[PDB]
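Only one chain is given next, in C-alpha cells, and it is the form deposited in one PDB entry.
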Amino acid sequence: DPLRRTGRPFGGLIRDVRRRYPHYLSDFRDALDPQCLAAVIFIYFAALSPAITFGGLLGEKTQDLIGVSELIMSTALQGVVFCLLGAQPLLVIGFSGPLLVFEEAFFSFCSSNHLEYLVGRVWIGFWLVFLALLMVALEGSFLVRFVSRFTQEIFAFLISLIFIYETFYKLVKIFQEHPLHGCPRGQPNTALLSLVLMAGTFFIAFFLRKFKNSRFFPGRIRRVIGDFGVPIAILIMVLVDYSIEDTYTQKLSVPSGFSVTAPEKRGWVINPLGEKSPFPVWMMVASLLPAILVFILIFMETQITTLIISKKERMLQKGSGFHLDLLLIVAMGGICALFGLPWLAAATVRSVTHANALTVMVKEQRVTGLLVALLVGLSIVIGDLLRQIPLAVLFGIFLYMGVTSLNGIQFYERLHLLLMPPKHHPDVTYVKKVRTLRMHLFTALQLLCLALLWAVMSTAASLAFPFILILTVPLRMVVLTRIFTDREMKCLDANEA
C-alpha cells in the first residue's frame, strides 16, 4: 500500500513516481474517449463557480488584496502544473472553505498587529515549502491513517457550516447596507432582490439535483440535465437579473484582462523583505506556527481526498500518490504565495465529481483536469460577462453547495437521529449494534467538539482553529476509547461503510 513507510528518504515520493510516471503516455492516450469531453464540461463549472465565489469572498474580507483574478490565476496555474506532474490528476485542486477561513483569520491577525498581509503570506509559504519537504522526506503521510471518521466528519460539518454562515452573513450585510426604507448604499429593492436571487438560485439548483435522482425523463437526459444543476441555475438567475433594468445588485467585479484586483495596493511579485514597510525579523521566523496550521488543513484535505478516491471500489488501476500530491501541492502553494496567490488543496467534492465523471459502468486521464484548469484560466480572458453575474446568485450556489455537502456525512445522519423516535432509526450498523443512549452520547461528544471548534474560530484565537481540529485525533485515541467500548467504537468510527 502507498502508506507503507520505508527507511529510505523520500520513499513515498519515489514509489509514487515509479508507480504513475511509467503510465505517462497512456494517461494522454486514454483521454480520446468521447466521455472525457462530457466530463470536462461537467466539472468546468463545478470548478469555476467556487473559484469566483471564493475570490469575491477574499476580495471582501482582505480589502481586494486577493480576489477573483488572483484566485482564478492560482487555480488555473496550480491545476495545470499538478495535472502535468501530479500522481493523481483526477484530483481537482481548488480553494476550499477552511483555507478561506484561515486566510481571513491571518488577515485579521496582521491588521491587528500592524503587519503586511502579503509578506506574511510569503513567509508562511516559505515555511510551508520547508514543512512539505521535511514531511515527504520522513514519509509522514502515513499519519493520514490516524485521521479517523471522528475527525473527517467534524471537519466536513465545519466546512458546510462555514458555507451556510458566510451566505447568511452576506445576506444580512446586504440588508444592512440597503435597508428597507421608502422614498452604493440605501438603494431600494436591492436587499429584497438579492434575497430573491439567492433563494431562486438555491431552489433551482436543489430541485435540479433532485431531478437528477428522479425518474421523469429518459435515463440519459435526466443525468445530463442533473449534472448541470449549477450552470443552469446560475444562467437562469443571471438572465432574470439581466431582465430587471433599474434595480441595483452587486456584481462579481472581476478586473481587466490579466491584472491584479488592487493594482494600486500590490503588484504581481510580493517583496519578501517588505512591501513599502519594513517587515520585522521576528515574524519571518514566527510564521512557522501559521505555516503549521495551514499545512494541517492542506494535509488533511488533500490526503483525505486521496484516500477517498483511491478506494478499491473506485477501481483506480494506476494508483494515486499520497506523498507526491502532498509535496506538489504544499510546495506549489508556498511558491505561489510569493506572487500573492492563494494556496490551494485538493477538494474532495470536486475531485469525487470528477472521478465519477470518468467512471464507466475510470478513464484516468490527465487532459481532462488540464483542460479544466486552462478553461478556468481563460475565464479571466472572458472578463466581462463575468462581472454581470450578481453576487446573490453566487451566494445562492454557495448555500446550495454548503447544504448538499452535508449529505452523506455520518455525523449529520446521527444528528438527524437525535430527534427521531428510537423506532424510526434506519437499519444501519451504528444503530443496530449500539444502544441509543450511547449513539446519542457519541453524537453529543462530537457536537461538543464541533462547538468548541466554532467558538475558537469565531473568537480572537481563530488561528488556532486547525490545531484544535487535530486535537480531536488524540482525543478519539485516548478519551473516547476509555469512555466507549471497542464494540461501540468499531461501529461508530467505522473506517468504511
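Quick note: we count residues from 1 along the sequence shown, nothing fancier. Think of the rigid core as the biggest set of C-alphas that the two forms share within 1.5 Å after superposition.
- Unmodelled deposited residues between residue 183 and residue 184: 10 or more, per the record.
The discussion below concerns the form deposited in another entry, not included here.
- Relative to the superposed rigid core, the position of the CA of residue 263 differs between this form and the one not shown by less than 2 Å.
- For residue 166, a C-alpha deviation of 2 angstroms or more is recorded between this form and the one not shown after rigid-core alignment.
- A decrease of at least 3 Å in the separation of the C-alpha atoms of residue 356 and residue 205 is found in that other deposited form, compared with the displayed form.
- Panel note: the distance between the CA atoms of residue 107 and residue 461 is larger in that other deposited form than in this form, the difference being 3 Å or more.
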